[PDB]
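Have a look at the structure below before the remarks.
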Ligand SMILES: COCCOc1cc(F)c2c(Nc3ccc(NC(=O)Cn4cc(C(C)C)nn4)cc3)ncnc2c1
Ligand SMILES: [Cl-]
Ligand SMILES: [Cl-]
């Protein structure tokens, strides 16, 4: 962390009346928070309703979780809108609990989308089959969103396919479910000290020294590329997170290329996984690299 989210300002232009929201089904829930599908009336200039996503806390939440939701709102307001990120539509900070209104993404999280599309995947129609072209586009859009986050001095800390949403026209949006994810029952989060952490996506310096940087997010992006080109497989298959796992990461063990990864995409993964953070590429360098790969395709 380079910037203190609590000190970031919230623009009151985002303020929306909560009585103009109609809550539907829960899209995701954790121990202290949830994301609900909702209908927002008067969000559009004309008298028309629109589907939105609303993040809110559960009655189970404490002062820490209340501050974390406000900190998330300040970060979203500070960042402003970007094509490759879930965008803020509004918020409710008066007359009740904090509500954060973000855009609805019709295809949901990228991880479940890849798992659902896995069997009909075509490397190279009405069928809407997942292709290598879509995977390259997804890699490019996420690198672009990450380059923008880096440019605003923001560290994601939990970049993974599960924190990517898919919307209209195979458009990816970096998100953070955070408290609206049941990390206690998610096998992708491991007990490490007093926390439940996504260890298989974390850079060694994050694991062993609690250091989160622009470079540690780059490491996670490399893990994300592995998930993407394996069509939603869990990283380090058959390897539990134990003493042997930590020893192997420290001693230089790295995953082999996934079945559908082009050699140039696996080259990015290897550089993302450099033990030296200074030897890893920046998100901007990754964007330029993928750009070249797409044009040459
Ligand atoms: C087949 O699928 C059917 C549709 O299913 C869904 C499921 C969902 F969970 C959805 C969803 N959830 C959601 C996830 C995260 C957040 N909040 C943030 O990301 C806030 N944020 C953003 C950041 C950084 C800038 C990256 N940090 N915090 C808000 C909402 N949203 C929209 N549409 C969804 C659609
Ligand atoms: Cl509850
Ligand atoms: Cl609250």
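What is reported rests on the model, the rules as stated and the sources as named; no laboratory instrument gave them. Every residue, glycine among them, receives a Cβ derived from its backbone with ideal geometry; neighbour counts consider all protein chains shown.
Structural remarks
- Candidates are the residues of region 63-80 that are closer than 13 Å to residue 179 by Cα and more than 10 Å from ligand 3 (Cβ to nearest atom); the one that is surrounded by the fewest Cβ atoms within 10 Å (Cβ to Cβ) is 64.
- Hey, residue 111 surrounded by 14 or more Cβ atoms within 10 Å (Cβ to Cβ), in contact with a helix residue (DSSP H, G or I) (Cβ under 8 Å, 6 or more places away or on another chain) and not assigned by CATH to the domain that holds residue 39 or not: yes
- The selection criterion, being away from ligand 3 (no atom under 16 Å from the Cβ), outside the structural domain of residue 75 (by CATH) and farther than 15 Å from residue 161 by Cα, does not hold for residue 187.
- Residues of region 197-206 that turn out to be surrounded by 21 or more Cβ atoms within 10 Å (Cβ to Cβ) and over 13 Å from residue 276 (Cα atoms), as a count: 4
- Against the list (1) within 30 Å of residue 136 (Cβ to Cβ); (2) within 13 Å of ligand 1 (Cβ to nearest atom), the condition residue 36 fails is (1).
- Among the residues listed as 52, 86, the single one being outside the structural domain of residue 169 (by CATH), away from ligand 2 (no atom under 16 Å from the Cβ), under 30 Å from residue 230 (Cα atoms) and surrounded by 18 or more Cβ atoms within 10 Å (Cβ to Cβ): 86
- Residue match in region 179-194 (condition: over 15 Å from the mean Cα position of the chain (by Cα), over 18 Å from residue 243 (Cβ atoms) and buried (at least 19 other Cβ atoms within 10 Å of the Cβ)): no
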